[PDB]
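A single chain comes next, written as structure tokens; it is the form deposited in one PDB entry.
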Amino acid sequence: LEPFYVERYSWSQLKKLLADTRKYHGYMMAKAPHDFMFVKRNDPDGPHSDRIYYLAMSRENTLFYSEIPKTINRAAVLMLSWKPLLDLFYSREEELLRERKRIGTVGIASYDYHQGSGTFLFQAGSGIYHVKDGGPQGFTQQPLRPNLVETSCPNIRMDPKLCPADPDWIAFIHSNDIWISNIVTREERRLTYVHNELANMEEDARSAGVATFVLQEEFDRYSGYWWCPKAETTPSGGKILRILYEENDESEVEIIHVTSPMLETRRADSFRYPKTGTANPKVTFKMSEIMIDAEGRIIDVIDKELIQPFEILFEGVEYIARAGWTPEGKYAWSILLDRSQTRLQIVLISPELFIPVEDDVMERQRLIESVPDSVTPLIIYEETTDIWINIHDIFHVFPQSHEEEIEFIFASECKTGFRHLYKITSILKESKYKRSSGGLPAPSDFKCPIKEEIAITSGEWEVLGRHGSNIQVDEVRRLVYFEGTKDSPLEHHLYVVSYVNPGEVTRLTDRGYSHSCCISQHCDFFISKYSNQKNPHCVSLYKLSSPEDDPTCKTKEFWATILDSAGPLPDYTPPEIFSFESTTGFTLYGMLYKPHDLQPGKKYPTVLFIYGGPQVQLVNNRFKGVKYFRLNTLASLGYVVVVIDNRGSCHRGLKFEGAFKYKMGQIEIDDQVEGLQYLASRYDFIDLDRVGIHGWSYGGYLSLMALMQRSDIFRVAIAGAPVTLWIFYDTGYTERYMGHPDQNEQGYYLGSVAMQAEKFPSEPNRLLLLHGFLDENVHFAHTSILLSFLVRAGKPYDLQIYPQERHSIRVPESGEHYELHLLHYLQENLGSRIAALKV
């Protein structure tokens, strides 16, 4: 078998080739419709049943609507036309939230909607706007004009939310405090005076209504306040609006400095970064009680705090993962983790637990004793695990039929080791603990007895509850729709099952496609965004219906196309999904891009693209021609490209994911080498003498671990924004997977490639580091400290910096430069004929 050597192109020629291949995706990279909502027309004479609203790219990302016919012509395919809802007309905190939420889009990211009035509320640049459609006001037949909510506030307003109790009122955050604003009367009040915008960070570390860094980056919570959904009425003919909010104090949290993007200035910004082992922010719940008079004028605002401290009531809790209100508004709920993230608690909190703030210690003591001893925190659910709690967005609460019982659905992996739905009922006992006695409450004094715990789903497959995956609950037919991996770990599908007498899990989506689904609130329609390895993304509307004989049985029917597939683009040859039995017992899946114009008798160089980190699956039956287009470009130049989902990746249950608990770095490369060798025994064309490995972030981490552990296998390594040292990375992530540094000295040591600099090769042109200079997540220090030890160890490196970039590539010129340098490095040090002579 002779070695194939790639066409040695120059830098200017490779730039040309990369430009021309990218130029056939001007029509492509226009993101699919999302954030769907259904609204009934309620017009017996009219030809439409529903109207749907959604966000999409026409350029900027805006609100559109489309009409749902009462009947269709089943001969032809109806393409729904997109009607513009709006008429045609970044700060630091927007720039950071766009990194925290991983938003690549431009325009409107999200929107609120009050059902009763038709009121849309949305942010768009600095402006907070509103429009009306589908309420009593009726349905427009032409573009509405966005109505700016005017303000006195000097700085950007983040995180707007309509009050569900009263759509005249909104709330937003300005300079880390909660404000409210009436969109009719133009009244604007500040509710919290916790932060002083004019002070430094080092003195003023408090905020209200905001999720701190670790919550945004590691728990996907981007808000810290929650409107109560119902308004209490007063004797005046006025009302009392309520807002639950999280208050933080980051005084004890460490302060790192990140380079400012304005490189000219040669300065640096302070960030509060809770590095592993150190203090997380100090959190607590508070409540704002707002008295409104007859016509919508604020009488008074009372700020209320917990009757006892947060640390006493919710013993053991470090993170408020999620929070909200019950639909009735009687209790405020919250999901609470401990530091280790091995104990979850769902806890109801009555508004009567909150008492007014008073500086006067005489006045304060009268209010404390006036609150009854029966009023108490109610832990309605608790679970532990050896591995870790994965936080998700599934938590549905039913209307409270009986007084001292609460009924709810929740998802969990703590029973079987796979995430499944469970209907639960808890008895809301009066607590054993009494506040009059003047002691602290014992560990389990707030726990509620579990009256019922019926498992709705079960098996060797998981329910999805992240990244938009959730559940719709039809409370009429007593069903629950949900997304899962039951038919395959390579395909997401929409399922339905009864939550009362569970049994038959009925699949609604068509096989051979992975689906992402949004179900109507009325449960008579669902939309699926679907794709596979061959065919690009499509978005279709399906009508849900029951047979007359059995309402529990649900079937679907294609209604219309929202977005049509562009079709197979002739440049893109898809990869072939393979699999293999690893010696660990688990089946590991992979993807193979064979070289284009594969000639027999010749063996080709092999780039192995890698991520292999938790919370991610790279190998599945989805279209990879958009995001991983350049893996095909490598295959077109004559590189074998492999990708393997090793142990630790998601969608295979908790035991599979927990394989690297305490041991990050150590197990992953075995799986990759194993899958890589399985292929080379099976295929004559895989040259194992010339193997590259390349990944970003965790993939960059492993690219270094590969070159460090297995220099025999891997000729070159391209490590993008790698973690070189785990004591630098934040608490929320790294303690979840690796524990506290004290209680895993060796795991941290062996997981940190900067501590093992002498184990890198002493041959140049094998290690290439890439890093964004402005990276606030994986600080540049990881690279700079790694390089510091490489210099002392006498080891060689290659380095490329992207000075306009954080933990992302956003400036297009940076990404063009990256792809160009990558191809040229692979060519000069792996693929080409000259790469062979260099050794």
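Here the rigid core means the biggest group of C-alpha atoms that line up within 1.5 Å when the two forms are laid on top of each other. The numbering used is simple: start at 1 and walk along the sequence shown. Shifts are known only where both forms have a C-alpha.
Answer yes if residue 103 is missing coordinates in at least a third of the other compared entries, and no if every one of them models it. Across the compared entries, residue 103 is left out in at least a third.
Given that the flanking residues are present, does residue 47 go without coordinates in at least a third of the other entries of this protein? No: coordinates for residue 47 present in every compared entry.
How many residues sit between residue 193 and residue 194 in the deposited sequence but have no coordinates: none, 1 to 3, 4 to 9, or 10 or more? The entry leaves nothing out here.
Can you say how many deposited residues have no coordinates in the span between residue 784 and residue 785, choosing none, 1 to 3, 4 to 9, or 10 or more? The entry leaves nothing out here.
Residue range whose averaged C-alpha B-factor is higher in the record, 367 to 375 or 762 to 770: Higher mean C-alpha B-factor in the PDB entry: 367 to 375.
Would you determine, from the values in the PDB entry, which of 218 to 226 and 444 to 452 has the greater average C-alpha temperature factor? Per the PDB record, 444 to 452.
Check the PDB entry and point out which of 155, 342, 540, 565 has the largest C-alpha temperature factor. Reading the PDB entry, the winner on C-alpha B-factor is 565.
For the listed residues 272, 493, 661, 92, which one has the largest C-alpha B-factor as given in the deposited model? Answer, based on the entry's C-alpha B-factors: 92.
Where does residue 629 sit by CA temperature factor within its chain: lowest, middle or highest third? Middle third, going by the recorded CA B-factors of the chain.
Report the third (lowest, middle or highest) to which the CA temperature factor of residue 821 belongs, ranking only the modelled residues of the same chain. Ranked within chain, residue 821 CA B lands in the lowest tercile.
According to the PDB entry, is the CA B factor of residue 59 in the bottom, middle or top third of its chain, that is, lowest, middle or highest? For residue 59, whose C-alpha B-factor we compare with every modelled residue in the chain, the answer is the highest third.
Would you mind checking where the Cα B-factor of residue 431 ranks among the modelled residues of its chain, as the lowest, middle or highest third? Tercile = highest for this residue's CA B-factor.
Can you tell me whether residue 42 has a C-alpha B-factor in the lowest, middle or highest third compared with the other modelled residues of the same chain? For residue 42, the deposited C-alpha B-factor lands in the highest third.
Just so it is clear, the following notes concern the form deposited in another entry, a form of the same protein that is not shown.
Would you mind telling me which residue of 793, 787, 801, 811 shifts its Cα by 2 Å or more between this form and the one not shown when the core is superposed? Per the superposition, the moving residue is 811.
Tell me, please, whether between this form and the one not shown the C-alpha of residue 47 is shifted by 2 Å or more, with the rigid core used for superposition. It does not reach a 2 Å shift.
Once you overlay the rigid core, does the Cα of residue 24 travel 2 Å or further between this form and the one not shown? After core superposition, the C-alpha of residue 24 moves 2 Å or more between this form and the one not shown.
CA-CA separation of residue 814 and residue 26, closer or farther in that other deposited form than in the form shown [shift of 3 angstroms or more]: It is closer: the C-alpha separation of residue 26 and residue 814 falls by at least 3 Å in that other deposited form.
Looking in that other deposited form, decide if the C-alpha atoms of residue 571 and residue 25 are closer or farther than in the form shown; they differ by 3 Å or more. Distance between the C-alphas of residue 571 and residue 25: longer in that other deposited form, by 3 Å or more.
In sequence order, what are the runs of at least 3 consecutive residues whose C-alphas shift by 2 Å or more between this form and the one not shown once the core is aligned? Residues 24 to 28, 805 to 811 form the shifted runs.
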